[PDB]
Amino acid sequence: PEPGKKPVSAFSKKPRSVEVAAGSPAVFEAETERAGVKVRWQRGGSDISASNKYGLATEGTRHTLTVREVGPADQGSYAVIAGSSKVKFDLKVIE
Amino acid sequence: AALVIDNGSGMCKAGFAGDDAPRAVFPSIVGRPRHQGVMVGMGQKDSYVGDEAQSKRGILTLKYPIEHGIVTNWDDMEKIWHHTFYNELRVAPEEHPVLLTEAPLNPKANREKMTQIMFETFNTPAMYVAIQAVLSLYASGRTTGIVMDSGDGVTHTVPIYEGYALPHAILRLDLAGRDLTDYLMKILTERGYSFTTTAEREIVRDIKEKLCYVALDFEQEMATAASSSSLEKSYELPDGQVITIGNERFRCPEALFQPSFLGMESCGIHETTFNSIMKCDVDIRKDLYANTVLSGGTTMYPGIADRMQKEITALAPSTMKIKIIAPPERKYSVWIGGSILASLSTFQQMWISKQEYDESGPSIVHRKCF
Amino acid sequence: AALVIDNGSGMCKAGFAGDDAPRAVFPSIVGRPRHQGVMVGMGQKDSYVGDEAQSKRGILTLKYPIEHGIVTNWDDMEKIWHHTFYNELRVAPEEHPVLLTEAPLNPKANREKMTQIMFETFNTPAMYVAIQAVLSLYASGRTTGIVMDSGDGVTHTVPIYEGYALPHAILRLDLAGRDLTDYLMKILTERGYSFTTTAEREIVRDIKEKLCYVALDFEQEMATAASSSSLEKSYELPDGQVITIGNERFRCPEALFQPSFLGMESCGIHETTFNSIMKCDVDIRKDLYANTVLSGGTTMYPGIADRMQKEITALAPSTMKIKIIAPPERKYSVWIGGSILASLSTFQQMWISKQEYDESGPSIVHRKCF
Amino acid sequence: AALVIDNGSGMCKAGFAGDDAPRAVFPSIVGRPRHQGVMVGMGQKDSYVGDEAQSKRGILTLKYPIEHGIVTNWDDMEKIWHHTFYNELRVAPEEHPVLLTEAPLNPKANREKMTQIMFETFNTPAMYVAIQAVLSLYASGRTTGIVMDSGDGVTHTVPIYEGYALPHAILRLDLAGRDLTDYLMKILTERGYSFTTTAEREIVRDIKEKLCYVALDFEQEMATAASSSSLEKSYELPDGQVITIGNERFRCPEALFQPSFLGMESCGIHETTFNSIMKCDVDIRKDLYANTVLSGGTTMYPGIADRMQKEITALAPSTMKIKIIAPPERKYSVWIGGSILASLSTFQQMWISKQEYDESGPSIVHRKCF
């Protein structure tokens, strides 16, 4: 059987998988139980940072990731790490 | 993500970091009409850039922005970069750090000027200059070996042992596919076909890429070319002219193997790889021979791996097996290495910051990286 | 249980007391990156310890922690000890007393510092420093005799009679297998082969261990060396290079017998054994000659016992028979002595306590042990 | 009279014994026309020998008969010898004994074969092979000292005290001016200038011989290289190309001092001289430091004596003054030593006779001379 309860985690809300069309904008919302900690985002094999093409919005305990250039390239998996907590989610793109 | 641009000879490869294949592949050429045009209603398009030039190649006088890994004219390069950023990529330079891949033992001026243009002409928070031999190795997925990297411009060999490098052991060779193209055009004239213009110069190169192949034994094919049947093929030009080649196609790739036809003292590609091995430490030599990796545009022709294997095995000791790995699409391996290289967490810390440039100066590139 | 560590030149032997064979045998070497590495995805690993270094020997520059029975750098020794306690032994220093063995007439600083590091760096209730000549004798199982102890460090002779030792009768000789290796590398260069690197330095030593042998008479084989039929063999290096040697192989072992080639006044091993005997009392001399025991790394080559027997018999009186006991695995005899020595109950009381060190001071080592 | 010929790396020096300067100095090179010749007035001279080759260096392919004191091709050497005895000396080999000079710890085959050809190919009643360190000392005129002999082949150190020499104190170093030339050519490529041909290989060496000098401090000059004024000079090639060099020329001689640039573990010339001194006995060491003599091809650059003097004085005790003697034209000192060495009456008895060679064999060379 499964353990039952996971080790203490830093995410209040886990980002959930969604589906996006090619050229269609994509927005992900994630939340953390504790504030004051930077949240790092990872794309299938490449890290995501607060720079253009990608958008990071950090308000209080809420972190938002926005991708407007998402296409066939982005098909894969995304990982997000807040402090010591490891979590990942899948993005689906249809041609 | 991140942006990766390969500014090699004749072709500009552009794409996004983390992607297995680049978004934009097109020749780095600018074509202008040498001769006055005759027609009514033509837009008279003075400048042609990219693959458009390839279609209208006969009328246009093609010019290469990059010669021997050196860029002759900076504005043409900007048009190329502009074309890659806003055409096929459809992204802004501001958005991500930009990774450029450079061949081993390249001049100091090229790295300093290249970074200066990227910091000034295209504003980006950071950039990094990579080395082709190490990036090719990553595509291979092997920690230890010797990498022979032959681009469209200059062939280079860079051995590597478990991540440690030997700068003395690295050897630069002046033999390349572009050189073969010049030899090739020179060889065609004796037969009775002459090409003296850059625009038709590409036509012989095109012939070389698919029609040309490497003979198991040079002397035997020449001997059997007297009664050629399957040795001759007909190539159709966009112009409409018909070209028939025979023993001529296989003796061209041969020159890399046999520089004597060229008239130069320097040894061929198999001897040079051997020389690089000799430079390297004796202990690490034994797995160097079995870990040989082929890369670049001039390694595409079939039979190269088989000819190299027999030649390396005979020259080298017989106490160990000789293995050569030559995967397909090795031409694009250098660009691929750039996309994978920018995909490592450790690597992002390593990028050359704008602040560091402003304080320390342009000369810090050699200090910071190989 | 108990922990026994033999810190001899070239190799570190570690194991558990009461065991007939040590758990961890590896060379005592520390490797650092001579050249900067250019790849991303490595932990860099600036320091390498043990057999790992042997695999990555070419890039790394090997450094020996112990020279002539003296340790040049203490931290490197810790890394070796750390490696032996956790990597192969898989035990904690706290758990048992630790026995170390040291060669005769060794400098004061090495015993005091060695105990200081063992008491401070690795916490243990007690430790003991022993002498190699006496431990070898116990392995032999003989109460009376003369012990010739030669390692890869410094050759030492320590005669013993019915449990009592003579300090004035102990002679230290500066000849050793490592010294032979330096002579050997020097001798190879005249022939036409040159080794100037520490990594390949080991390779000549490897050759010496199995290819080299002791000639019954140096002059006669050299005389017949002009026409070599069976005196030449082919040795294969990891490099792939092929080496053939003739009279060169037997002349190296000869140097211990005939130091004149080295360029030093001091007499060879047979003369030195004789000199040690002369120092000792005349009454106990008679069973010293028949009780000769050979030990250490440089006594490995076959025929040494046979050459020594005839030479000692010739120089020594004929009134008594000469017997030399030189059993195989004498190289590991010193370590073996350490494991057996720790085994005795009486011995455990004799170990230098942590409490004694703190109160009396470091100078008590000489005061307690010999 | 008598004939003295120096068959060293890169050139052949010939002259008459008893003369302060040789009659014939030219490079030891053979050149052939690699390129087909299309001219209206040539005899198509296929082979060129000597200084004639130097003028026509670009068209010709130059091959060195001697590599590391080893002759690759015997006929070319014969042509050189024929040229030296007849063209400038205008004398017959039969007429006088001939003296040749050889570096320490050179292979057995070189002395035996060299004597064999001198006795057979050129008929002479007797010949002798000398050691460079002892002859250089005679030019100096000092009975005691340490001789650092660095030719165009291999750097050697041979200390001597009041007529007696220590074979174990003689150390061979693998650094040489020719090696520097290879390093230099490798260095030029990073600046954007590339030389991959033997004919132009000489041109960088020519630059090095007069343009290059030894910096008081390597790091300080590199720092001031940014605002170079007097640092950069221009060199004119026979081809017509113009070469400009700055901090690049003085950083080459530095490598002998600092091998780390080369990538080799072995220490520089000042450390090696020190090591040789350590090998030597303690009593004779004190006048060894004050009697240091510099000789050979790579010791030519100004400031070497001053940099070594400060470095030797710093490392060595200050209780004794350190004096280094570096007279001009020390490159030709070895040849000069050969002419003076043959001059002495005692020396004539010492020459290896033809009769002795036939009666015993080539192997007697080691038996007779050092």
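Going by the header, the method for this PDB entry is cryo-EM, and the resolution given is 11 Å.

The name that the PDB entry assigns to chain B is Actin, cytoplasmic 2, with the source organism given as Homo sapiens. The title given for this PDB entry is "Cardiac thin filament decorated with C0C1 fragment of cardiac myosin binding protein C mode 2". Reading the Function entry of the UniProt record for chain B gives the comment "Actins are highly conserved proteins that are involved in various types of cell motility and are ubiquitously expressed in all eukaryotic cells. May play a role in the repair of noise-induced stereocilia gaps thereby maintains hearing sensitivity following loud noise damage (By similarity)." Recorded in UniProt under Subcellular location, the annotation for chain B is "Cytoplasm, Cytoskeleton".

Chain A goes by Myosin-binding protein C, cardiac-type in the PDB entry, where it is assigned to Homo sapiens.

Trainee: How would you explain the interface of chain C and chain D if you had to name every residue and give the values?
Mentor: In this complex, chain C contributes 14 residues to the contact, which on the side of chain D involves 10 residues. Carbon and sulfur atoms supply 47% of the area that chain C and chain D bury against each other, a total of about 920 Å² over both sides. Counting across the interface, chain C meets chain D through one salt bridge. Among the salt bridges present, the one from D:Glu265 reaches C:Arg34, with a minimum N-O distance of 3.7 Å. At the boundary of chain C and chain D, one finds two residue pairs in polar contact. Taken together, the elements giving at least two residues each to the side of chain C that touches chain D come down to β6 (60-63) and α5 (177-191) of chain C. Element by element, the count of residues in the side of chain C that touches chain D is highest for α5(C), at four residues. Residues belonging to the side of chain C that touches chain D are distributed by class as follows: two nonpolar, eight polar and four charged.

Trainee: Residues and numbers for helix α3 (residues 108-120) of chain B, please.
Mentor: Here α3(B) spans 18 Å end to end across 13 residues, near enough to the 18 Å set by a 1.5 Å rise per residue. Looking at α3(B), one finds that the buried residues are B:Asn110, B:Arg111, B:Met114, B:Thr115, B:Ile117, B:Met118 and B:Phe119.

Trainee: Could you give an account of the pairing of strand β10 (residues 126-131) of chain D, naming the residues involved and the relevant values?
Mentor: Residues and elements named next belong to chain D. The buried fraction of β10 amounts to six of the six residues, a majority that puts the element mostly inside the structure. Of the two faces of β10, the one lined by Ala126, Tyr128 and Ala130 and the one lined by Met127, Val129 and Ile131 are each fully buried. Crossover handedness for the path strand β9 (residues 98-102) to helix α3 (residues 108-120) to β10: right-handed. Here two bridges tie β10 to strand β19 (residues 352-353), and the two strands are oriented antiparallel to one another. Counted as the bridge partner of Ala126 is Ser353 from β19.

Trainee: Could you give an account of the interface of chain C and chain B, naming the residues involved and the relevant values?
Mentor: At the interface, 25 residues of chain C touch 28 residues of chain B. Interface area for chain C against chain B, summed over the two sides, is near 2300 Å², with a carbon-plus-sulfur share of 62%. Of all residues in chain C, C:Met39, C:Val40 and C:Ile59 give up the largest surface area on contact with chain B, accounting jointly for 31% of the area buried on that side. The residue B:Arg285 makes a salt bridge to C:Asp239 at a minimum N-O spacing of 3.2 Å. Linking chain C with chain B are nine residue pairs in polar contact, by the criterion used here. For the side of chain C that touches chain B, the residue count by class is nine nonpolar, nine polar and seven charged.

Trainee: Describe helix α2 (residues 74-88) of chain D, and please don't skip the residues or the numbers.
Mentor: All names here are of chain D. Over its 15 residues, α2 extends 21 Å from the first C-alpha to the last, a length consistent with the 21 Å expected when each residue adds 1.5 Å. Within the span of α2, buried status applies to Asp76, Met77, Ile80, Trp81, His83, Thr84 and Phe85. Once α2 ends, the next one or two residues include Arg90, with phi positive near 60°.

Trainee: Quick one: what's the story with the pattern of salt bridges, residue by residue and with numbers?
Mentor: With the rule as written, the count across this model stands at 56 salt bridges over all chains. C:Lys331 is paired through a salt bridge with C:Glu209; the nearest N and O atoms lie 3.7 Å apart. With C:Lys331 in the loop between β18 (324-325) and α12 (333-343) and C:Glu209 in helix α6 (residues 198-210), this residue pair connects regions lying 122 residues apart in the sequence. Among the residues examined, C:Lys331 registers a relative accessible area of 22% and is labelled partly exposed. The structure contains a network of salt bridges with shared partners spanning B:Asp283, B:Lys286, C:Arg57 and C:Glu202.

About the cut-offs
- Residues numbered from 1 in each chain as written, not as in the entry; some residues may be left out.
- Chains lettered and ligands numbered in written order.
- Part of a larger assembly, values for the part shown.
- Heavy atoms only, no water.
- UniProt positions renumbered as here; feature names shortened; annotations may be inferred.
- Contact = heavy atoms within 4.5 Å.
- Buried area = accessible area lost by both parts, 1.4 Å probe.
- Salt bridge = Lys/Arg side-chain N within 4 Å of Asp/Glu carboxyl O.
- Polar contact = N/O pair within 3.5 Å; in protein donor to acceptor, adjacent residues only side chain to side chain.
- Helix = DSSP H or I, 4+ residues; strand = E, 2+ residues; numbered from the N terminus.
- Nonpolar A, V, L, I, M, F, W, Y, C, P; charged D, E, K, R; others polar.
- Expected span 1.5 Å × (residues − 1).
- Buried < 20%, exposed > 50% of the residue type's maximum accessible area, 1.4 Å probe, protein only.
- Right-handed = clockwise from strand over helix to strand, strands pointing away.
- Pairing = 2+ DSSP bridges.

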